[PDB]
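The structure under discussion appears below in the form of structure tokens.
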Amino acid sequence: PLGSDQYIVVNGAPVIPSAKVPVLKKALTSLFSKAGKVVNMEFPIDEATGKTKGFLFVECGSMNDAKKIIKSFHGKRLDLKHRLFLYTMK
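Next up, the structure:
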């Protein structure tokens, strides 16, 4: 019912306003889905500025799904200014 080690932390992700999260979320999900199974993605928001904190959390539904995403996306360039870094959230 409940899984373990399926949560992963992502760093180096675009810091954008809240209204632009839906688009980015769908884009990142489509990307990560290529390598692993994605269940839910969260974009923590900074109350002070109304923008994302730059990092996010990804629930993959299973352990090996989270590890295949980390292995495939860690240290990769999302774009010019952004380079993603992933690791399992203990």
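Numbering (PDB author numbering), first residue to last: 72 to 161. Ideal Cβ positions, reconstructed from N, Cα and C, are used throughout, including at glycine.
In whole angstroms, what is the alpha-carbon distance linking residue 93 and residue 72? 28 Å
Who are the near neighbours of residue 100 in its chain, counting only those whose CB is closer than 6 Å to its CB and skipping five residues on each side? 109 and 112
With a CB to CB cut of under 8 Å and the five nearest residues on each side skipped, what residues in its chain are close to residue 125? 82, 83, 84, 85 and 86
DSSP state of residue 147, grouped into three classes? coil
Host alpha helix (DSSP H) of residue 81 (start-end): Note, residue 81: premise wrong, no alpha helix (DSSP H); beta strand (DSSP E) at 78-82.
Just to confirm the assignment, what range does the alpha helix (DSSP H) spanning residue 103 have? In the DSSP assignment, residue 103 falls within the alpha helix (DSSP H) that extends over 92-104.
So, helix, strand or coil for residue 116, using DSSP? strand
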